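Participant: This is the structure, below, for whatever I ask next.
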Ligand SMILES: Nc1nc2c(ncn2[C@@H]2O[C@H](COP(=O)(O)OP(=O)(O)O)[C@@H](O)[C@H]2O)c(=O)[nH]1
Ligand code: BEF
Ligand SMILES: [Mg+2]
């Protein structure tokens, strides 16, 4: 891994220096084993990946941001209960500062973009960026995301999101028709992936290093990628979904209780190939 | 056989009132200061003892935010009992109970058992909704009312027991 990783850092650095930034090779490096490695590499790369300029001045945060924002109470509520997403190590004083930061990023983005609607779970995305890019960079990058990749999650209603969730089943059917038929018998639906799709598996995966490496992968690919990643997980879990009672409670709870040790790097490659094989 | 009856419960209610915390008190017998924003839907399991017979309660947890209603709406029909939770320290939560019952009338079974819970009874300095004022509303509607704290052990246990009995008697 070491020499192979050493090469990757040199590869990633060569691509940032290229006469025009070799975004193609950065996406390619992001999809390959290990992602973008250090968060420091990410501070450079992620902005390139989203087309937001890294060297722009910060947005103006007006006088009474929290006071006038309709979404203060809800956002505050969710941030309070975001505690488990912070490193166990970092002290309360520092953590609370970041949490106070986190509330302000969200409320600003929501202000700058009036058409966007807050949803429970959005905070899991913003906090991921906040801990990699940092407050200044996180605020601009997530805005871009909020208007493209997460654009549908922030519609007034849940309509488009529901529709996206529905994809999961036609995908399973393409790769394992029998499994698709078992799940429909049970009437599990697709609401087990809601947490997954809406927070980029950030609400659900405990290990932060694995979450950011997934964000690497999601930034480089298509907006709908997370669902093909959901499908790949269910498929990987075939023998447990079948070897299980065929009633909603049993199957919903099973899938709902997501394994902590997934073969991330194996699943990502499957997600990729499945996307290209059955495109949206 | 393992259990005599299986009753399906659903924790409906505003956001941040205590639904998640309550379920963890009853089903796991723990309380955690933050816990986690409940996204989507899932259940916890707990089988109890009542009037000789044994009861498997599977209790479903919901997301509070309004946008999430059309997603959880589907999970009403299969419920034997629905518990409307508000926070006694929050005026909007109690004001919204009225809307939550409107959801139950819309999506839940024709004869579903109801129960109204004011949570966070441990916060006496911050109590806003009035003890006698909540009881009166419940009484007019013919619904059991209880005040519960998930932080202190207080009254979480009896809430679910009171709900399980009401379903049982109705069920036969
Ligand atoms: N003092 C007190 N606080 C509570 C109680 N229940 C919940 N809380 C608070 O509310 C937060 C979690 O609420 P939660 O149960 O997630 O709300 P819900 O999921 O929307 O029902 C916790 O972080 C606590 O601060 C309670 O019984 N007593
Ligand atoms: F945040 Be609660 F689960 F509505
Ligand atoms: Mg909850």
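Laboratory data are not the source of any read-out in this text; all were calculated from the coordinates shown. Cβ sites come from the backbone with ideal geometry, for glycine too, and all protein chains shown count toward neighbours.
Participant: Tell me which of these residue A:49 doesn't satisfy, since it passes every other one: (1) farther than 30 Å from residue B:36 by Cα; (2) loosely packed, with under 15 Cβ neighbours inside 10 Å.
Facilitator: (2)
Participant: Mind counting the residues in segment B:29-75 that are away from ligand 2 (no atom under 15 Å from the Cβ), more than 7 Å from chain A (Cβ to nearest Cβ) and in contact with a strand residue (DSSP E or B) (Cβ under 7 Å, 6 or more places away or on another chain)?
Facilitator: Number satisfying all stated conditions: 9.
Participant: Looking at A:232, A:204, A:188, which one is out of contact with any strand residue (DSSP E or B) (no Cβ under 7 Å at 6 or more places or on another chain) and part of a helix (DSSP H, G or I)?
Facilitator: A:232
Participant: For a quick check of your reading: which helices (runs of 4 or more DSSP H) sit entirely within segment A:61-114 and have at least 2 residues that are away from every other protein chain (no Cβ under 14 Å)?
Facilitator: A:65-68, A:92-112
Participant: Further question: Kindly indicate which of B:20, B:15 is within 8 Å of ligand 3 (Cβ to nearest atom), at the interface with another protein chain (Cβ under 8 Å from one of its Cβ atoms) and either under 15 Å from residue B:85 (Cα atoms) or outside any loop (DSSP other than H, G, I, E, B) (or both). Break it down into steps so the answer makes sense when it comes.
Facilitator: Details: B:20 fails: at the interface with another protein chain (Cβ under 8 Å from one of its Cβ atoms).
From the options B:20, B:15, the qualifying one is B:15.
Conditions (1) away from ligand 1 (no atom under 16 Å from the Cβ); (2) under 15 Å from the mean Cα position of the chain (by Cα); (3) closer than 17 Å to residue B:10 by Cα, marked per residue:
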{"site": "B:76", "(1), (2), (3)": "yes, yes, yes"}
{"site": "B:82", "(1), (2), (3)": "no, yes, yes"}
{"site": "B:115", "(1), (2), (3)": "no, yes, yes"}
{"site": "B:118", "(1), (2), (3)": "no, yes, yes"}
{"site": "B:127", "(1), (2), (3)": "no, no, no"}
{"site": "B:149", "(1), (2), (3)": "no, yes, no"}
{"site": "B:159", "(1), (2), (3)": "no, yes, yes"}
{"site": "B:162", "(1), (2), (3)": "yes, yes, yes"}
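Participant: Looking at segment A:135-185 only, could you name the residues that are under 17 Å from residue A:107 (Cβ atoms) and assigned to a helix (DSSP H, G or I)?
Facilitator: A:135, A:136, A:138, A:139, A:140, A:141, A:142, A:143, A:145, A:146
Participant: Right, here's the next one. Quick check on my filter: what residues within segment B:41-92 are part of a strand (DSSP E or B), closer than 26 Å to residue B:142 by Cα and within 16 Å of ligand 3 (Cβ to nearest atom)?
Facilitator: Matches in segment B:41-92: B:59, B:60, B:61, B:62, B:82, B:83, B:84, B:85, B:86, B:87.
Participant: Scan (1) within 16 Å of ligand 1 (Cβ to nearest atom); (2) surrounded by fewer than 21 Cβ atoms within 10 Å (Cβ to Cβ); (3) farther than 14 Å from residue B:14 by Cα for the single condition residue B:92 breaks and write down its number.
Facilitator: Status for residue B:92: all satisfied but (3).
Participant: What's the total number of residues in segment B:142-154 that are surrounded by fewer than 20 Cβ atoms within 10 Å (Cβ to Cβ) and over 13 Å from residue B:84 (Cα atoms)?
Facilitator: The total comes to 5.
Participant: Collect the residues in segment B:21-44 that are closer than 19 Å to residue A:254 by Cα and near ligand 1 (Cβ under 6 Å from one of its atoms), keeping them in residue-number order.
Facilitator: Matches in segment B:21-44: B:38 only.
Participant: Residue check: is residue A:167 within 14 Å of chain B (Cβ to nearest Cβ) and either surrounded by fewer than 21 Cβ atoms within 10 Å (Cβ to Cβ) or at negative phi (or both)?
Facilitator: no
Participant: Do you know which of the residues in segment B:1-12 that are touching a helix residue (DSSP H, G or I) at 6+ places or on another chain (Cβ under 9 Å) and more than 14 Å from chain A (Cβ to nearest Cβ) is nearest to ligand 3 (Cβ to nearest atom)?
Facilitator: Going through the qualifying residues, I end up with B:11.
Participant: Provide a single number: the residues in segment A:249-270 that are free of Cβ contacts under 8 Å to residues at least 60 places away in the same chain and either more than 10 Å from every other protein chain (Cβ to nearest Cβ) or under 15 Å from residue A:231 (Cβ atoms) (or both).
Facilitator: Of the residues in segment A:249-270, 11 are free of Cβ contacts under 8 Å to residues at least 60 places away in the same chain and either more than 10 Å from every other protein chain (Cβ to nearest Cβ) or under 15 Å from residue A:231 (Cβ atoms) (or both).
Participant: Sticking with this structure for a sec: Does residue B:130 meet the test of being without any contact (Cβ under 8 Å) to a residue 24 or more places away in the chain and in contact with a strand residue (DSSP E or B) (Cβ under 8 Å, 6 or more places away or on another chain)? Show your work before the answer.
Facilitator: Details: without any contact (Cβ under 8 Å) to a residue 24 or more places away in the chain: yes; in contact with a strand residue (DSSP E or B) (Cβ under 8 Å, 6 or more places away or on another chain): no.
Considered against the rule, which asks whether it is without any contact (Cβ under 8 Å) to a residue 24 or more places away in the chain and in contact with a strand residue (DSSP E or B) (Cβ under 8 Å, 6 or more places away or on another chain), residue B:130 comes out as no.
Participant: Then there's this: Tell me whether segment B:99-113 contains one or more residues that are away from ligand 1 (no atom under 14 Å from the Cβ), part of a strand (DSSP E or B) and under 27 Å from residue A:81 (Cα atoms).
Facilitator: No, there is no match, as no residue in segment B:99-113 is away from ligand 1 (no atom under 14 Å from the Cβ), part of a strand (DSSP E or B) and under 27 Å from residue A:81 (Cα atoms).
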